[PDB]
C-alpha cells in the first residue's frame, strides 16, 4: 500500500486486456516493483490435482505470456497431458494482482534454442546437468559435474528437454486494493469476436 497504484482501467473498461497487461508491466518496471514477473504457475495432473511453483515470464506475446522450463519437470509432464494452466502475479508494493488463465503450448525447438542462448551463460552448466524435478540421488556428484561445465567458455548446447511454453490466454483478471475494501476486479474473457469485460464483486 506503499507505492502509488493507479487503476483507471477499472473505470474506463479498455477493450483489449493485452494492452492493459503491457501497460501494468511497464508501470511495474518503471516504478521499480521487485521481481514483478515472478509468476505463481498452476498446472494439474491426470486426476485434476493442482501443483504450483514460481516461473519467470520472459516475454509478452500477441496471445499471452511466455516462459521457459524443462519438459520432463513436473509442470512439463502435466502440461503435456493437460494444457490448461493459471498463473498469478502479486505485487506487494502496489497491492495489485494479475491472474492469467489459458492453455500453454510448447513452442518449436528453434525458439527454445534462442531462449537458451539468451540466458546468462552461467546458467548453462546446472540446467544441463540436472534433470529437473527427478529425485536427486547424489548432491555432490551433481555439483562436481556442473563445475566441469562451468569451467568452459561461451554458451553450452541447449539440453534436450529445455523448452519454451506460450500461455495463450482465455481470461485475465486485474485486481487492485480499491477504496474502503471494495477491491477492484477487472475480468476479461475471450469471445470468438474479441474480448468481453466485466467487474467482479470483491
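For clarity, a rigid core is taken as the largest C-alpha set superposing within 1.5 Å between two forms. Numbering follows the first chain given and starts at 1.
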Item checked: Greater root mean square CA deviation, 145-153 compared with 59-67 in 4 other deposited structures of this protein, core aligned -> 145-153
Next item on the list: Would you tell me which stretch averages the higher CA B-factor in the PDB entry, 152-160 or 170-178?
Entry: 152-160
Item checked: Higher-B stretch (mean Cα B-factor, as the entry records it), 36-44 or 133-141 -> 133-141
Notebook entry, point to check: Per the PDB entry, which option out of 111, 92, 119, 77 has the greatest Cα B factor?
Noted result: 119
Next item on the list: Just say lowest, middle or highest third for the CA B-factor of residue 31 relative to the other modelled residues in its chain.
Entry: highest
Item checked: residue 53, C-alpha B-factor rank within chain (lowest, middle or highest third) -> lowest
Note to self: Looking at the temperature factor on the CA atom of residue 127, which third of the chain's modelled residues does it land in?
What the structure shows: highest
Next item on the list: Divide the modelled residues of the chain into thirds by Cα B-factor and specify which third, lowest, middle or highest, holds residue 63.
Entry: middle
